[PDB]
Every structure is written in C-alpha cells, then in structure tokens.
C-alpha cells in the first residue's frame, strides 16, 4: 500500500497529528520499522538519504520496501527521498518508484531555492509524486521567515515545507536550553496552510542513551528534542517528524552489547535480532507520542 507522500500528510494536516519519518539503510532497519507500524496501527513514512541509496542501491531500497508493502498491505506507506541535493537526484528517485522527494536547496538564496524547488515540483507532480523543500537552515538559536515561506510555498506549489525553527541533525542538537521558536512555527503554519516537516527531530530518550552507554558507547554532550517539544511542535502544525539518530543509537546499542557479552558470538542474527527489537520499540513509542498510532 505504497502511496503518495501527502495522502498520508494531508490527512495528518487536517486532523492535526504527526507522522514519524524513519530512515533506513538496510533490511534490519526496514523490517523493525514496518513491524512497529503494524503493531501501532500507524501510517509509515519510510525515508532514505542519498547516502543510504548509494549504499544499498536505489533498485534495492525501492525493491525491499515494495516487498514489505506486500507483507503488510494494509499500512499506508510513503517512500521518501531525504535531502535530495539536485534535480537529477530527485528525478532518479521519481523514476525508481519513490512517492515523495525532498529537494534541499536551503543553503541557496531564496530565489535559487525557489527556482530549483519549482523545477523539481513540476517533474515530480507530473509523475504523481509529492515534494518537500526547506527554508532557513538547520542550526539553532538561519531561522525561517514566515512571509517568504508564504511566498515560497505559493510560487513553487510545493506539497510540504521544512521550516527551520531551531533543530539540527545528529545527537548534539542543543548546547543551551532546548529552544524552538513555536511562534515562528505557528505563523508559517498559518500563512502557508500545508503540512510542515521537522528535521533533526530525534529525542535521544534516556533509556536509549542509557542502553548505548551501558554497552560501551560514548555520547557525552548529546541532546535531542524533548518529547514535550516534539508534542508542542505537532500542536504548532508539524506533520512530518524526521527521525534517524534515535534508531541508529538504539540499534548499535544492542550490537555493542552482544559483542561485549559474548566474544565467541558471530551469528549475525544474534546481533541484529535484539537490535531490531530495540529500534522497533523506539519507533512504536514515537508513533504514540506524535499521534500516529491507531490512525490506520
């Protein structure tokens, strides 16, 4: 039941909840994610970065997802290109069977951003594919400006938007007190009236961290978005919550553990079965937090 990106997000937009966008790089990640979705009766946004695609091959990434779809034909799934860097990248994704693409030109000046986003929107929409873009850039305090988002959105005709409001990617998001400009968020939601996307939205739960640190990992100074901020973000109108770091930490936590507690262990399944479980649990909890659960 692989479907357009904004079939899922239009629904999320009007009822006002969030849909986790979960990255994967292989079968283990993908399987855990679908099982979560199945267990929480939640829509799924599956996403792969350009790096992830390079690693597995686009034929395999789209191939694996379509096999998971047949297995759980009742879950609405969008397959989403995360941080597309160029038109040709978005275009390859579109030809391979992705149903959503993000074109990230938020490092460009407004006009170049708009110009490339609009080029992407047109071939995307022509093929039945939704598109994300970004305004402002991902560091905290830069921050998006509502009025140009209003304009940016109208001119490009883009399905969803990722306004920077103070998140950044990775395990170390805030050096100071968690700060996110919700007022900014609201103005943008208000002016644009489309699904909004929150990047760098991992939370870094205390159990996930503890699990990593117990296993020998090093996460000094790490700090994600608090569940509270994740919740408030959805009240603000965020409908897509990009989540990646949390999955990887939970996954590697168990790999590190198994490696530690048994030096004669080299059965791969022994390493990745607990890793899958831990990831799946991060995803199930996040689906409930954001309001995705039971939305099927």
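Positions refer to the first chain, counted from 1. Whichever C-alpha set is largest while still superposing within 1.5 Å between the two forms counts as the rigid core.
Rigid core fits of the other structures in 7 other deposited structures of this protein place the C-alpha atoms of one stretch farther away on average; of 152 to 160 and 219 to 227, that stretch is 219 to 227.
Modelled in this chain, residue 138 is nonetheless absent from a third or more of the other compared entries whose models extend past it on both sides. According to the entry, the deposited sequence has 10 or more residues without coordinates between residue 141 and residue 142. When 149 to 157 is weighed against 195 to 203, 149 to 157 comes out higher, by mean CA B-factor as recorded in the entry.
For the segment pair 171 to 179 and 117 to 125, the entry gives 171 to 179 the higher mean B-factor, averaged over Cα atoms. In the PDB entry, the Cα temperature factor peaks, among 264, 47, 233, 243, at 264. In the PDB entry, the Cα temperature factor peaks, among 93, 79, 213, 133, at 213. Ranked against the other modelled residues of its chain, the C-alpha B-factor of residue 247 as given in the entry falls in the lowest third. Ranked by Cα temperature factor within the chain, residue 290 sits in the lowest third according to the deposited record. In the deposited entry, the Cα temperature factor of residue 185 sits in the top third of values across the chain's modelled residues. Among the modelled residues of the chain, residue 101 sits in the lowest third by CA temperature factor in this PDB entry. In the PDB entry, a CA B factor belonging to the highest third of its chain's modelled residues is recorded for residue 259.
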